[PDB]
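Structure first, commentary second.
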Amino acid sequence: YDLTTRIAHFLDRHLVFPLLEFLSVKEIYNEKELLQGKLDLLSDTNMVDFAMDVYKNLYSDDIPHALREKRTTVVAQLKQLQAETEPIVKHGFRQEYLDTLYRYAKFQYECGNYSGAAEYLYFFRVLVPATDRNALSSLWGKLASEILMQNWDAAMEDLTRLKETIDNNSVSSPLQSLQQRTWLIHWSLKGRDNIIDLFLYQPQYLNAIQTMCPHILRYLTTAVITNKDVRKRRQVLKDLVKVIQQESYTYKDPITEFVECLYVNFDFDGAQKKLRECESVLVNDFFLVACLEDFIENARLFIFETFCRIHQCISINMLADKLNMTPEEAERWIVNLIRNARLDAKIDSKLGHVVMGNXXXXXXXXXXXXXXXXXXXXXXXXXX
Amino acid sequence: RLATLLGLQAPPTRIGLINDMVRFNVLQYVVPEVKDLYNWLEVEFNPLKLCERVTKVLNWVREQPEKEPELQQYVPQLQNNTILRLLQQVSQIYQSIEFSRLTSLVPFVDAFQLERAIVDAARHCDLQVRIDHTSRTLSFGXXXXXXXXXXXXXXXXXXXXXXXXXXXXXXXXXX
Amino acid sequence: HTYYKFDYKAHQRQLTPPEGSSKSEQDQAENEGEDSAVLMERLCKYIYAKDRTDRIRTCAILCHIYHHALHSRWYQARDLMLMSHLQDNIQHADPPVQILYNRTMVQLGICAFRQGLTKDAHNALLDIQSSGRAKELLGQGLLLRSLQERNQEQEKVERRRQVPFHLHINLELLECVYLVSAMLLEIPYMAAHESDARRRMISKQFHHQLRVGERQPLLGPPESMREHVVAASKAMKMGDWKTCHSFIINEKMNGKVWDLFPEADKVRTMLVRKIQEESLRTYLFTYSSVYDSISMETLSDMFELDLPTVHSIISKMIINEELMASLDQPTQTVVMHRXXXXXXXXXXXXXXXXXXXXXXXXX
Amino acid sequence: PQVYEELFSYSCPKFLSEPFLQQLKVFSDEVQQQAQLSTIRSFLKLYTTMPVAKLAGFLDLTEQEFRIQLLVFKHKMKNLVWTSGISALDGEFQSXXXXXXXXXXXXXXXXXXXXXXXX
C-alpha cells in the first residue's frame, strides 16, 4: 500500500506523525517514506523534540532556523498565556479562565509536552459552565491526550464520565467518537469481545478524529471474527454479516469484507490466505500491531473447530496436503492450540490421523427423553 | 378434460392404447422392427439379453429413410421407458448391487445420466433405493432392520403362494 | 439533456455545442482531466444548497446518481444515495423526480447486477418491482392510450409527464434480471423446504408465476421470457444445470434481454458460474434423502465445479442448516439420512413452552 | 469451585449463625465437596473410547493437577461415572432393558394425558 494515502487518510496529528514513525521503526529503518514524510510533517508544527529526533540519523538533516524560530515563538507564547491567565484568574469570568486552561492545553499539546497538556486540559473541570459542552469536550481532550500517552485505562474513565454524563443527544455522533475511543481502549487492553461490539455499533458518517474509517472496518472485522468464545452465530451473522450500517465501513476495505465472507462461508483456506497477505500491512498498524499474531491464531483455531466438530474422524495428512497450507505447519499449529484446551483434537502427528469425539449411547437418548417428560409433568402441576 | 373432449370414454393407460397398436391394421402396415421391439420390451423382457437385441435391432432403423425419420423423434422417451424397465427389473434381481455393475448392466448416455434416471425412477416410486456413494453400491430396500423387513416381505409372499396352492390342491382332491 | 446518454454521445453534444459558440466565453468551471465528469459534478455541486429548493437539489442529486451508476463504479453511486439523505423528498415531488427516484433505483439495481451481485440486486429492486403498474411508475406509457383518458386537455397536459423513450429503459430487461436474481436466491431454499429440513424460509421473485404454470391444464415449450426462466428453474430442481443455462438464452433470445448489455459475454460466464454453484446446492438438497453417501470428485467433475468450491458450499450449508450430514475431508466423502434422541429432546422443549403459555392465560 | 469457594468466604456470616456449636463450618464444606463432583459425572461417559487429552483438559479445571491420573481413577471408585481402559498402556479411556425404558416413558406420557383429561 502507498503511504501518501494512508497518512492522508487519518485526520489526527498523532496518527499523521506517530504512524509514520511507527511504520519507520516498525518495519525497516532504511526505507525513506516513513522518515521523509514524518520529517516534512513535523517541520509544519511546534514540536522540536519530534523535530530533534528527525534531526538525528534516520531523519531529515537538522536545520538551525527551524528550531530557533519554533523555540522562540514558544517562549513568547508561554509568557503571553501565562499573563493572560494571571489576569483571568485575578476579570473573574469562568469562560475566559476555561479558555486559558484550554489554550495552555493546546499550547502544551502542540509543543509535545503531553503530561502538561493533560493537566491543564482537565483543570478546566471546575470552570465548566455546563457539563455537556464544557465538560464533555474536556473529556474528548483527555481522551485524545490519553490515547497519545498510551493510557487506555484513563480513556475508558473519561469515556464513562462523558457517556455517564446526564445530557445525551442522539443526533450527535459524539456517541460515535466515544464508541471509537472505547473500542480502541478495549482493543489495547482470550478475545475481549468488547472491542468488536463497540466498533460494530455505529458509523457517524462524520470524520472519526480517533479512528480511521478503514481502521474501524478492519478492527471491528478482525476482532469479531476472532471472538469464538464470545461471538454468537448472530455475532458472526447478526452483528457483522446482517449489519447493514457496518457494511459502509466494510466496503471501504474490501479485502477484509471478502475475508469475512470467506470465513462465514466455510472457506477457511481462502480466508487465511487473505490474512497471510495482509499480515505485513497489519503489522504496520500502530494500534493493531501488538494483537495481530493473537487474532489470526484465534481465527485459525475457530476454523479448526468448525472442521473438527463436523467430522468424527479426520485424515490429518490429507488435510495438511489439501489444506492449501503446509501440512507440517498445520500440525504444529494444532499442537500449539491443543494444550491451551482451545481444541479437543485427538491428534498424533506421526499417524496423521486425527479423531475428535463430542448401551451408553442408547441410555443417553433415553435420559434426554426422560428429562423432557419431567418438564411436561412440571407444567401439568403448575396448571393444576 | 381433453380426454373426454376427444370422444374417449375415459383416460386410457399405455397398455390399453397399445392394444389398438396390437390390432392387425396398425400392425399390418407397421414396420416389422417395431413389432420386434414391442416383443423385446413389452412381451419377453430380459435384462441379460435386452442390450444385445436392441443393438441388433437399432441398426435396421437407422438405415431406413422413413423408419429412421419416425424413430429419430422418439429416441428420448423410448430410452426412458427401456431404462425404467431395466431399473425395475434390477430392483427385483438384486438387493445390493455395485454402482459399476448396475450402470454397466443398463446402457446410458453417460454414467451420471444413468444415476439421474435411477433417482428419477425412485422419486416416481418405481423403485426404492439407497445409494451409498462411499462404497459405490446401490441397495433396493439400521442394516439389520432393512434385512428384517425384507425377510418379513418375503415370508408374506411365501404365505400367499401357499394359500393359493392349497386352493389348487382342493381341486386335485376331486380328481 | 445529458445524463441518460453515454459519455461519448454527451461529449458529441458538448463539442458540437461549443463549435457553434463564439470562442470568447465566460465559464465558472475550470477544465479537468475528465471533461464530462467534471461538468456533471460541477452543475451538481452548484444546484445543492441549504437555500436551494428540494425539487431542484434532489433533481441534481438524482441526476448524479443516474449518470454515475451508468458510467462509473456502483459503490460511488451507493455512497451518494445513502449520504444524500432523501427518503421523504424523493417521493414528492420535483414533477420529473419520480422518474429519477425509480429510474435511478432501477439503474443501480442494473449495474449491481452487472457486477454479479445477486444478493444486492434483489435487495434493491423488490419495492419497485412489486408494482403491477410499474410501467407507469417508471413514467413510460404510450401517450395516446392515456390521452383519450386524460381529456379534457387542460388537466390532461399536466398529467402526461411520462419520460421519453430514449430516457426510458426496457421493462423486459429489468424483469428478467430481477427474476433471474429471485431464482438464484429462492430456489435452493425452496428445494431444502422440499427436503423439509426447513432451517430457513426464503422468498424468490416470480415464484407465483411458476405455481400458476404447474396448475395449468396445458404446459407448452417456453415462448415468453418468464417461461424460459421458468424452465431454467425446473431444470435446476431436477439438477440439469446445462439445460437451465440453455433455457435462459432461449427465453432471452426472443426477449433480447441479455443482448441489451455491453458486457453480456462476461455476465454470461459469471451467471454460468453462480448457477453452477446454486444448482449444485439444489441438487444436494433434493437428493440427500435417497443418498446416504457422496463423492466430491465425481460431483466436482459433473457440476464442472472444482472441489474447493464444492466442499466449501456443502460444509457451509450443512453447518448453517444443522443438517445431519458428515464429511470426511481425508477421503472426501459425505454422509446422511439419520439424531432421533436429540429430536425428541427438542419436541419436549417446545411442548414445555406451550404449557407455559397456557399458564399465562389461566392466570 | 472458584466462585463456590468465594460464595462461602463472603457469606461466612450466615454459616456461623452457638459459635462453639458450629466452630468449623463442618457441614457446609462437606456439602460443597459433594457438589463439586456432580458436574464431572454429568458428562457421564457415554463414549466407548476417549482421548486422554480431552479428559486432562476437563480435569485440569479441578484444583489438583494430578487428580485426573488420580481424580479420574477416584471417580471410578465412586462409581458415579464409569471409566474403561483406565491405567492402560495406551492411556486412552474406553466407555430388553431399552424396551423397559421406552415403556416407562410411554407410561409418563399417558399419565400426563390423564391429568389433562381429568382437568
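Can you pick out the pairs among B:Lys49/C:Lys237; C:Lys9/C:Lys45; A:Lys273/C:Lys274; A:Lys274/C:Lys316 whose Cα atoms lie more than 25 Å from each other?
Going by Cα-Cα distance, B:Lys49/C:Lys237 fall outside the 25 Å limit.
Which shape class applies to chain B: rounded if a/c is under 1.5, otherwise prolate when a/b exceeds b/c and oblate if not, where a ≥ b ≥ c are the square roots of the Cα gyration tensor eigenvalues?
Oblate, since a/c reaches 1.5 and b/c is not below a/b.
Which value results when the Cα radius of gyration for region B:2-50 is divided by 2.2 N^0.38 Å?
Details: Rg = 13.8 Å, N = 49, 2.2 N^0.38 = 9.7 Å.
In units of the 2.2 N^0.38 Å rule of thumb, it is 1.43.
Note the per residue figure in Å³ for the convex hull of the C-alpha positions in the protein assembly as shown.
Cα convex hull per residue, to the nearest whole number: 394 Å³.
Would you mind getting me the FRET efficiency between C:Unk359 and D:Unk96? Use the beta-carbon distance for r and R0 = 35 Å, nearest 0.05.
0.35
Return the equivalent ellipsoid semi-axes of chain A as a descending list in whole Å, where each equals the square root of 5 times an eigenvalue of the C-alpha gyration tensor.
Largest first, chain A gives 50, 30, 15 Å.
With the Cα gyration tensor of region C:112-229 giving a ≥ b ≥ c as the square roots of its eigenvalues, does the rule (a/c under 1.5 for rounded; else a/b larger than b/c for prolate; else oblate) give rounded, prolate or oblate?
Verdict is prolate for region C:112-229.
Which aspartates and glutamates does B:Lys56 reach when only Cα atoms under 16 Å apart count, and residues fewer than 8 places away in its own chain are ignored?
B:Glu33, B:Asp36, B:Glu68
Which whole number gives the average count of other chain Cβ atoms within 10 Å of the Cβ atoms across peptide C:325-333?
Counting Cβ atoms of other protein chains within 10 Å of each residue's Cβ and averaging gives 6.
Give the residues of region C:279-319 whose amide nitrogen is closer than 13 Å to a point set 7 Å from the Cα of B:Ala111 in the direction of its Cβ.
C:295-302
When Cβ neighbours within 10 Å are restricted to other protein chains, what is their mean count per residue of peptide C:296-308?
Per-residue shielding by partner chains comes out at 2.
Okay, which of region C:59-102 sit inside 12 Å, backbone N to the point 7 Å along the Cα-Cβ direction of A:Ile244?
Residues passing the 12 Å test: C:82.
Using the structure shown, list the pairs from C:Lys204/C:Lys242; A:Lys26/A:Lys56; A:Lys252/C:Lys5 with a Cα-Cα distance above 27 Å, or answer none.
As for pairs spanning more than 27 Å Cα to Cα, those are A:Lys252/C:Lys5.
Going 7 Å from the Cα of A:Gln80 in the Cα-to-Cβ direction, what parts of region A:105-142 have a backbone nitrogen less than 12 Å from that spot?
Once the point is set 7 Å along Cα→Cβ of A:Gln80, A:107 turn out to lie under 12 Å by backbone N, inside region A:105-142.
Antiparallel DSSP bridges in the protein assembly as shown: what percent, to the nearest 5?
That works out to approximately 90 percent antiparallel.
Among A:130-143, A:371-384, what's the highest-first ranking by average C-beta atoms within 10 angstrom per residue?
Those peptides, ordered most packed to least, come out A:130-143, A:371-384.
Hand me the tally of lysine pairs in region D:1-105: alpha carbons under 20 angstrom apart, and the pair either on different chains or 8 or more positions apart.
Counting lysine pairs in region D:1-105 gives 7.
Which whole-Hz couplings ³J(HN,Hα) result when phi for each residue of region B:11-26 is put into the Karplus expression 6.51 cos²θ - 1.76 cosθ + 1.60, θ = phi - 60°, listed in order with x for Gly and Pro?
Computed from phi, the couplings for region B:11-26 are x, x, 9, 5, 4, x, 4, 4, 4, 4, 4, 4, 4, 4, 4, 5 Hz.
Take peptides C:315-326, C:21-32 and line them up by average Cβ neighbours within 10 Å, highest first, as a rough protection proxy.
By packing density, highest mean first, the sequence is C:315-326, C:21-32.
Other chains' Cβ within 10 Å of B:128-140 residues: what's the mean?
Neighbouring Cβ atoms belonging to other protein chains average 4 per residue here.
Below 19 Å, Cα to Cα, which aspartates and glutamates can C:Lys50 reach? Residues fewer than 8 away in the same chain don't count.
Output for C:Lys50: C:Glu41, C:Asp88, C:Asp94.
Volume per residue, Å³, of the convex hull around the alpha-carbon atoms of region C:207-363?
194
Given the C-alpha centroids of region A:322-353 and region A:39-86, what is the distance between them in whole angstrom?
Going from one Cα centre to the other spans 55 Å.
If I model a spin label as a point 7 Å beyond the Cα along the Cα-Cβ vector, how far apart are those points for A:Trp333 and C:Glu32 in nm?
About 4.5 nm, to one decimal.
Amide H to amide H under 5 Å from C:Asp292: which residues, 5+ apart in sequence or cross-chain, H placed 1.01 Å off N in plane?
B:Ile131, B:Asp132, B:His133
At a Cα cut-off below 15 Å, give the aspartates and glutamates reachable from A:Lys228, other chains included and same-chain residues fewer than 8 away excluded.
Output for A:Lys228: A:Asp193, A:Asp197, A:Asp239, A:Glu260, A:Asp294, A:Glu297, A:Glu305, A:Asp344.
What trypsin sites (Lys or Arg not before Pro) does region C:159-261 have in DSSP loop regions with at most 11 other beta carbons within 10 Å?
Sites meeting the loop and neighbour criteria: C:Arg161, C:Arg198, C:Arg200, C:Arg215.
Kindly state, to the nearest 0.05, the FRET efficiency for C:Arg161 paired with A:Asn207, given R0 = 35 Å and r defined as their beta-carbon distance.
Values: r = 41 Å, r/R0 = 1.18.
The value I calculate is 0.25.
Measure out, as a whole number of angstrom, how far apart the alpha-carbon centroids of region B:1-73 and region A:231-261 sit.
62
Where the centre of each part is set by its Cα atoms, how far does region C:325-363 sit from region D:54-80, in angstrom?
About 32 Å separates the Cα centre of region C:325-363 from the one of region D:54-80.
Calculate the FRET efficiency for C:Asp79 and A:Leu11 from the Cβ-Cβ distance with a Förster distance of 22 Å, rounded to the nearest 0.05.
For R0 = 22 Å, the calculated efficiency reads 0.70.
If packing is taken as the average number of other Cβ atoms within 10 Å across a peptide's residues, how do A:316-325, A:206-215 rank, most packed first?
Going by the mean number of other Cβ atoms within 10 Å, highest first, we get A:206-215, A:316-325.
Given 37 °C and 0.692 mPa s, how large is the Stokes-Einstein diffusion coefficient of region C:38-115 in µm²/s, with Rh as the Kirkwood radius over Cα pairs?
264
So basically every Cβ, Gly included, is an ideal-geometry build from the backbone, and we count neighbours across all protein chains shown. Each value in this text was obtained by applying a stated rule to the coordinates, not by laboratory testing.
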